[PDB]
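Spelled out from the first residue to the last, the chains are:
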Amino acid sequence: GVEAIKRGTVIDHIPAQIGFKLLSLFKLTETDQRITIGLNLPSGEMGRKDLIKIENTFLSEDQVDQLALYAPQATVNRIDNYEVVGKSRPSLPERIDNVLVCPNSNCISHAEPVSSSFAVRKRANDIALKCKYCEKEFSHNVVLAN
Amino acid sequence: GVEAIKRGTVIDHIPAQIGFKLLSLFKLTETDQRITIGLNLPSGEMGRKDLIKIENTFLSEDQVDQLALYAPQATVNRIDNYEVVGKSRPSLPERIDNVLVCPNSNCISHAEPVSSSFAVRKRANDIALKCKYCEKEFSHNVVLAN
Amino acid sequence: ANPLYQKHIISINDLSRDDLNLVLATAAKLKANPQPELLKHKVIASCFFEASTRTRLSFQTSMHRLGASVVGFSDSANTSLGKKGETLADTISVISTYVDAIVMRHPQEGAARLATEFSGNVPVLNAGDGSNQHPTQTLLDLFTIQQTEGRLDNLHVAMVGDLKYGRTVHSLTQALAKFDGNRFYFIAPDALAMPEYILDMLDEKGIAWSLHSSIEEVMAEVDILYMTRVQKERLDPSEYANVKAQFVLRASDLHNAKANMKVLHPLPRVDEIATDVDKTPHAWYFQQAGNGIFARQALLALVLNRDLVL
Amino acid sequence: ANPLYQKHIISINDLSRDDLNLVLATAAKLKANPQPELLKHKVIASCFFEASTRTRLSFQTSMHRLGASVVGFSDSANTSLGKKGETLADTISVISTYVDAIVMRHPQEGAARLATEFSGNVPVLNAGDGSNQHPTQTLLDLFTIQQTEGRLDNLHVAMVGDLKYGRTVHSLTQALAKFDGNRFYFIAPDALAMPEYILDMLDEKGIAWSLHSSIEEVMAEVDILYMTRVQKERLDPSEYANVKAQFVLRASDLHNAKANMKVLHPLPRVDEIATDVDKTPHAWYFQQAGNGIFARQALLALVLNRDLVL
Amino acid sequence: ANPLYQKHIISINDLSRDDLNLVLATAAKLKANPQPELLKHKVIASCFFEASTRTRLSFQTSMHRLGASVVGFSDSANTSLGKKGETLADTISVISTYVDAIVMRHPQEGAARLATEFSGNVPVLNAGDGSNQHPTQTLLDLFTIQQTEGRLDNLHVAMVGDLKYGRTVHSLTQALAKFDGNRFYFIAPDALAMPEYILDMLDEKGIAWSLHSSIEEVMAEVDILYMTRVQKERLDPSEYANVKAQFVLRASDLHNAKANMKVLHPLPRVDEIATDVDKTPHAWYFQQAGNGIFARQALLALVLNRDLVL
Ligand SMILES: Nc1ccn([C@@H]2O[C@H](COP(=O)(O)OP(=O)(O)OP(=O)(O)O)[C@@H](O)[C@H]2O)c(=O)n1
Ligand SMILES: Nc1ccn([C@@H]2O[C@H](COP(=O)(O)OP(=O)(O)OP(=O)(O)O)[C@@H](O)[C@H]2O)c(=O)n1
Ligand SMILES: [Zn+2]
Ligand SMILES: [Zn+2]
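Residues numbered from 1 in each chain as written, not as in the entry; some residues may be left out. Chains lettered and ligands numbered in written order. Part of a larger assembly, values for the part shown. Heavy atoms only, no water.

- For chain C, the name recorded in the PDB entry is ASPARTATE CARBAMOYLTRANSFERASE (R STATE), CATALYTIC CHAIN, with Escherichia coli as its organism.
- Anyone opening this PDB entry will find it titled "CRYSTAL STRUCTURES OF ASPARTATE CARBAMOYLTRANSFERASE LIGATED WITH PHOSPHONOACETAMIDE, MALONATE, AND CTP OR ATP AT 2.8-ANGSTROMS RESOLUTION AND NEUTRAL P*H".
- Quoted straight from UniProt, the Pathway entry for chain C says "Pyrimidine metabolism; UMP biosynthesis via de novo pathway; (S)-dihydroorotate from bicarbonate: step 2/3."
- Taken verbatim from the UniProt record of chain C, the Subunit comment is "Heterododecamer (2C3:3R2) of six catalytic PyrB chains organized as two trimers (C3), and six regulatory PyrI chains organized as three dimers (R2)." (UniProt positions renumbered as here; feature names shortened; annotations may be inferred.)

- Going by the annotation in the PDB entry, the name recorded for chain A is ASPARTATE CARBAMOYLTRANSFERASE REGULATORY CHAIN, with Escherichia coli given as the source organism.
- A UniProt comment under Function is attached to chain A, and it reads "Involved in allosteric regulation of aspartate carbamoyltransferase."
- We quote the UniProt Sequence similarities comment for chain A here in full: "Belongs to the PyrI family."

Dropping the structure here:
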């Protein structure tokens with residue numbers, strides 16, 4: 001196929017310049033099983049995509065929920081014994097925990113030993129995230145600005 | 001198993017775990033070229049290796065030697081129109097500028113707009129690094145932080 | 001079991017029209033009939049990590065009038081969090097092994113909700129968290145609006161001042177949006193303007209609000225005029241163009257006001273309400289202040305008593 | 001032009017036994033025969049971003065004693081770097097368009113190397129960059145050591161004190177490892193011991209060095225006992241165990257002192273060299289100070305004149 | 001004696017196109033042919049009651065490069081004004097009995113005019129009085145503009161940045177409104193916009209000026225893009241919205257830049273001129289800095305010598 005894995009995940013239709021953030025973000029390289037990464041491959045509709053192939057590994061919930069916020073386009077394929085047993089595109093969650101960082105500098109979340117949490121109101125415009133602690137709602141662009 | 005490539009550079013035989021590290025230390029990903037990375041491939045030579053093929057991109061002599069700081073046993077393969085036109089090998093660079101940050105807190109380099117630079121030294125186990133500015137020598141392990 | 005028994009009172013959002021109305025019902029009751037041993041034998045912690053004259057002294061007086069004991073601090077300078085670098089999380093964990101409810105004021109937003117994650121089963125009542133919520137204020141404002149106007153539905157309410165950093169007007173617009181027909185007029189410097197997160201909610205419920213450049217352009221139409229203080233201590237230095245009050249109410253400005261109109265203020269005030277307003281029948285900010293005793297006794301009673309019969 | 005004309009002087013590690021020898025030759029010459037107009041029409045910047053009594057005044061007097069003009073600052077506080085937030089790099093960029101040479105003392109290590117990338121064609125003379133180098137100190141230490149011992153080769157040299165931040169002993173251990181058969185005795189607290197990178201260089205050149213816990217252990221054996229100050233300002237709080245002089249020297253100690261030996265100190269001395277040493281044959285640190293004029297004007301002369309002074 | 005002999009230099013508004021032209025003529029002359037003893041036997045006071053790197057050192061080096069002697073202070077803190085409470089007026093009264101000319105930088109506007117009423121016969125050269133005038137800055141800006149554009153008439157000049165406290169652009173807009181057909185583009189934040197009184201003068205002389213919200217709007221059109229710093233120290237707290245550079249310039253911006261255009265800055269530059277501009281053909285601010293020596297010693301020469309230098 002365009003590579004081939006017996007069991008594993010193939011995340012595909014990843015926007016150009018996101019694939020590599022995902023290797024850092026989901027810590028995918030702390031692994032020993034084969035990884036095929038194709039940076040800046042074609043994808044007819046939106047020209048240049050990335051593709052990542054983690055053989056014999058499937059993502060935990062949090063990761064696919066994060067994937068929904070970093071790559072809504074992407075598709076996750078569960079391959080068992082070369083059978084594309086499942087292919088799903090990530091829907092947004094209700095809440096994101098322990099990975100985002102509140103834009104409000106005066107949030108108690110910074111100072112204190114707490115896992116962050118955000119509410120995910122899908123606005124027609126974009127994604128508005130609400131901090132659990134300070135109750136400020138923010139644009140996902142603001143929050144995810146790296 | 002990885003890919004056919006017309007023209008570019010294939011850094012082959014990268015030690016497992018050092019392939020992601022190289023792609024992030026030298027800005028290799030920040031391109032619009034098709035890169036295809038194969039992590040944790042079987043080698044025999046070593047159990048596992050890593051490999052990076054950067055299409056339509058050629059590395060300079062110093063570029064390749066910088067790799068000796070993490071991947072001395074790599075083979076930098078120059079390919080032009082499917083023919084392995086060259087097989088280079090990283091020697092130690094005499095200086096690595098711009099990618100490392102001095103662990104010396106009171107070094108002038110942190111405050112002023114100058115690039116970093118370290119003279120590389122093969123000392124007696126690891127590679128020693130002398131800052132250009134504050135002139136202190138540090139082992140390379142240290143320079144790659146915490 | 002009454003509905004607010006053992007609840008944490010942190011954000012007005014978490015409360016319903018029914019929760020609010022139960023405290024006002026209770027408030028008017030304790031105001032007509034004192035209960036001086038209702039909380040006999042409970043010890044309560046008054047933890048103020050930020051300055052107060054009204055919320056702290058009203059709270060401690062309400063506690064005393066019901067028979068409770070108070071333990072606390074006026075400033076963390078003296079706590080082991082202030083001198084020995086302990087966390088808030090740890091401060092709340094041991095204080096909760098000592099007392100029956102924690103009343104706290106704190107400079108960072110979210111402190112209160114943070115505290116409830118460590119209070120065990122002990123109720124945390126929020127006295128103000130930086131610029132976020134101030135629910136107990138809003139309870140005594142709703143009580144005063146009701147005494148003066150007899151309705152909390154279809155009013156014309158103007159909020160004037162620093163609406164950005166004002167935890168007071170944040171909680172009040174959320175609570176008043178739980179009643180039908182209230183019309184909002186907002187007069188603030190645009191840099192100390194009302195958060196769009198409140199606005200979106202007023203638009204999510206189809207409530208009408210408008211912004212005005214002057215008090216005089218809505219004076220004639222308001223039931224309540226709610227003045228606020230520029231939170232100097234909260235201003236980012238970009239906003240120091242805003243420290244001195246832009247809209248200052250003077251007695252003469254009330255000339256074309258509804259005879260039923262009231263000027264409310266959370267207090268402290270600085271230069272924004274000229275002292276000559278004080279002598280008019282429209283000034284009602286000290287009455288409002290006195291009303292914090294009834295609203296804070298009601299809330300303590302409901303949180304700490306499974307059923308009240310009064 | 002002579003080896004050092006227009007040449008920057010940033011670290012002893014870039015000079016050679018030949019350069020060091022030249023600078024001392026010229027110092028010997030100039031001490032014997034003054035050259036009052038040697039640098040007539042030259043303006044030098046004295047830029048001390050850090051305190052100095054010795055370096056700054058010996059340097060400026062040497063400039064004056066060759067007919068030069070001095071402009072500069074003893075403090076960065078009222079420079080535009082100091083008040084208007086300007087980078088060192090731009091300070092050096094404009095100051096290069098004005099003077100013929102720059103003498104610079106700075107609190108950061110590498111400040112002078114940074115300065116040579118922006119001084120253009122102008123030589124930057126390092127007057128001390130933090131705890132790294134002090135190359136002018138060393139040229140007057142070599143001048144005083146050769147004056148007293150008659151040689152720079154085959155000397156027994158005890159460096160006592162703060163060997164870690166001693167920019168002075170960094171440079172001096174490096175100047176003396178260029179000559180032959182010098183013997184090093186390093187007496188620091190462990191905390192403020194000689195840098196490894198120095199030791200390595202001694203090892204590769206196969207210089208014999210040894211660590212001692214006492215002046216008495218080495219007293220009878222040495223020729224130059226060179227004392228240092230705990231660089232109080234440069235210590236870590238962790239290091240404040242060592243603010244006082246572990247090894248303090250008094251005249252009694254000189255009892256079993258070799259009759260040729262000299263006590264040297266870069267100065268200021270604080271508590272480490274008791275004032276009774278001041279009357280012994282051995283004490284030479286004030287003569288060492290005065291020797292700064294000769295070494296300093298020999299350097300200036302070489303870097304700003306093509307023609308070797310005679 | 002030449003037009004400017006013993007003449008005080010306090011504001012560009014008291015000079016004429018003839019004076020400005022003379023000072024530049026002499027600068028052109030002196031740059032070509034040094035006069036080392038021109039002011040041999042003259043002592044000038046360098047009195048900076050305010051920070052400086054550029055003005056103070058270019059001025060003192062220029063004094064030295066004409067054979068003069070400099071006395072003075074870089075700081076008022078250890079003067080008797082500074083510690084013993086003496087008036088400026090008496091400082092000037094005694095310092096007049098000692099030196100031949102006074103160069104003075106002061107934090108109050110009008111300090112130099114005040115100084116000419118007490119300097120007696122001694123010329124006071126204004127080195128910058130608060131946010132008012134900087135006449136020496138302007139003479140080296142005119143020297144650099146004529147050096148690059150070959151003329152001081154019929155120039156397109158964009159002054160970007162803090163136009164309100166920019167003592168530099170106050171003086172420079174006034175020097176250039178003496179020549180002809182110069183076109184002014186003023187790009188400030190509204191808060192720190194060009195003084196009215198300047199604009200009025202432009203209006204009466206019928207000079208065309210226009211306000212722009214962007215460098216791009218004027219980039220293709222201009223000859224001199226003169227950038228300034230937000231005079232952080234001089235801002236009101238109200239004004240602290242504008243502490244950062246609204247208009248920041250990077251090399252990309254120069255894409256549609258006229259090939260003759262030069263970027264000028266009085267300096268220090270903080271964030272407004274990105275270090276990549278430093279390598280463009282266009283960047284000229286360090287050359288502009290060096291041009292201070294020529295303009296400064298031409299001024300000194302004219303005010304202290306009767307006989308025009310040649
Ligand atoms: N044994 C397998 C089977 C599939 N794949 C990869 O997993 C994906 C399988 O998805 P599929 O829908 O069958 O291919 P497409 O239809 O072209 O992908 P899409 O429908 O999302 O456009 C392909 O990228 C393929 O390279 C694989 O690595 N190994
Ligand atoms: N058109 C080409 C030519 C070469 N290669 C890559 O270049 C590397 C080295 O060149 P080659 O001589 O073809 O393979 P090897 O002989 O195995 O090199 P070595 O023996 O040193 O590993 C191989 O890993 C191969 O993937 C390639 O991908 N595409
Ligand atoms: Zn938050
Ligand atoms: Zn360094």
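Still more ground to cover, so stick around.
Observations regarding the UniProt feature "binding site: Zn(2+)" in chain A
And step 1. Residues given the UniProt feature "binding site: Zn(2+)" here are A:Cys102, A:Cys107, A:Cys131 and A:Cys134. Taking the farthest pair of C-alpha atoms as the criterion, the annotated set spanning 33 residues converges on one region, since that pair is 8.8 Å apart.
And step 2. For A:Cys102, the location among the structural elements is in the loop between β6 (95-97) and α3 (108-111).
And step 3. Beyond its immediate sequence surroundings of up to four residues, A:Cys102 is in contact with A:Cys107, A:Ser109, A:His110, A:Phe118, A:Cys131, A:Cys134 and A:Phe138.
And step 4. With respect to the helices, strands and loops of the structure, A:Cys107 is situated in the loop between β6 and α3.
And step 5. Taking the relative accessible area as the measure of exposure, A:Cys107 reaches 1% and is therefore buried.
And step 6. Among all residues touching A:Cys107, those that are not within four sequence positions of it are A:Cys102, A:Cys131, A:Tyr133, A:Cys134, C:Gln108 and C:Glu109. (Helix = DSSP H or I, 4+ residues; strand = E, 2+ residues; numbered from the N terminus. Contact = heavy atoms within 4.5 Å. Buried < 20%, exposed > 50% of the residue type's maximum accessible area, 1.4 Å probe, protein only.)

Considering the interface of chain A and chain C
And step 1. Taken together, the contact pairs 16 residues of chain A with 19 residues of chain C.
And step 2. Between chain A and chain C, roughly 1,400 Å² of surface is buried when both sides are summed, and carbon and sulfur atoms account for 47% of that area.
And step 3. Three residues stand out in chain A for area buried against chain C, namely A:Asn106, A:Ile108 and A:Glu135, and they jointly supply 38% of the buried area on that side.
And step 4. Among the ionic pairs, A:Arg121 bridges to C:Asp200, the shortest N-O distance being 2.9 Å.
And step 5. Summed over the shared surface of chain A and chain C, the number is 13 residue pairs in polar contact.
And step 6. For the side of chain A that touches chain C, a count of residues per class yields 7 nonpolar, 2 polar and 7 charged. (Buried area = accessible area lost by both parts, 1.4 Å probe. Salt bridge = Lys/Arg side-chain N within 4 Å of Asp/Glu carboxyl O. Polar contact = N/O pair within 3.5 Å; in protein donor to acceptor, adjacent residues only side chain to side chain. Nonpolar A, V, L, I, M, F, W, Y, C, P; charged D, E, K, R; others polar.)

Focus on unusual backbone geometry
And step 1. Of note, the amide linkage connecting D:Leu267 to D:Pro268 takes the cis form, showing an omega dihedral of 10°.
And step 2. A positive phi angle, near 40°, is found at A:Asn81, a position not held by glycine.
And step 3. Locating A:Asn81 in the fold gives a position in the loop between β4 (75-80) and β5 (83-88).
And step 4. Judged by its relative accessible area of 39%, A:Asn81 falls in the partly exposed class.

Things to note about the coordination of the zinc ion (ligand 3)
Six octahedrally arranged donors around a metal ideally form angles of 90 or 180 degrees; four tetrahedrally arranged donors ideally form angles of 109.5 degrees.
Residues and elements named next belong to chain A.
And step 1. Every protein donor of the zinc ion (ligand 3) is accounted for by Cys 102 (SG), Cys 107 (SG), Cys 131 (SG) and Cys 134 (SG), and the metal-donor separations fall at 2.3 to 2.4 Å.
And step 2. Geometry at the zinc ion (ligand 3) is tetrahedral, judged from its 4 donor atoms and the angles of 99 to 119° they form at the metal.
And step 3. Each donor residue of the zinc ion (ligand 3) belongs to the same chain, with the gaps between them written as C-x4-C-x23-C-x2-C. Residue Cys 107 is found in the loop between β6 and α3, and its partner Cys 134 is found in the loop between β8 (127-131) and β9 (137-139); the two are separated by 27 residues along the sequence. (Donors = N, O, S within 2.8 Å, 3.2 Å for Na, K, Ca; no water. Tetrahedral: all angles 85-135°; square planar, octahedral: opposite > 155°, others 65-115°.)

Description of the sheet that holds strand β7 (residues 209-211) of chain C
Residues and elements named next belong to chain C.
And step 1. With parallel pairing, the 5 strands of this open sheet are ordered in space as β7-β6-β5-β8-β9. Taken across any chain shown, the strands that pair with only one partner, and hence form the sheet edges, are β7 and β9 (262-264). Across the sheet, the axes of successive neighbouring strands diverge by a mean angle of 20°, strand direction being ignored.
And step 2. Helix α7 (residues 167-176) rests against β5 (156-160), β6 (183-187) and β8 (224-227) of the sheet, and its axis sits at about 165° to β5. (Pairing = 2+ DSSP bridges. Axes fitted to C-alpha atoms, helices over the stretch in contact; angles between N-to-C directions.)

Structural notes on the domain arrangement of chain C
Residue and element names in this part refer to chain C.
And step 1. For chain C, the assigned domains read domain 1 (1-133 + 292-310) and domain 2 (134-291).
And step 2. Together, the buried faces of domain 1 and domain 2 total about 2,600 Å²; carbon and sulfur atoms form 56% of this surface.
And step 3. Interface area lost by domain 1 to domain 2 is led by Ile 12, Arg 17 and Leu 24, which between them contribute 25%.
And step 4. On the surface where domain 1 and domain 2 come into contact, there are 22 residue pairs in polar contact.
And step 5. Only α1 (17-32), α2 (54-65), β3 (102-106), β4 (124-129) and α10 (292-304) provide two or more residues apiece to the side of domain 1 that touches domain 2.
And step 6. It is α1 that provides the largest number of residues to the side of domain 1 that touches domain 2, a total of 8 residues.
And step 7. Looking at the side of domain 1 that touches domain 2 residue by residue, the class counts come to 16 nonpolar, 13 polar and 7 charged. (Domains from an automatic or database assignment.)

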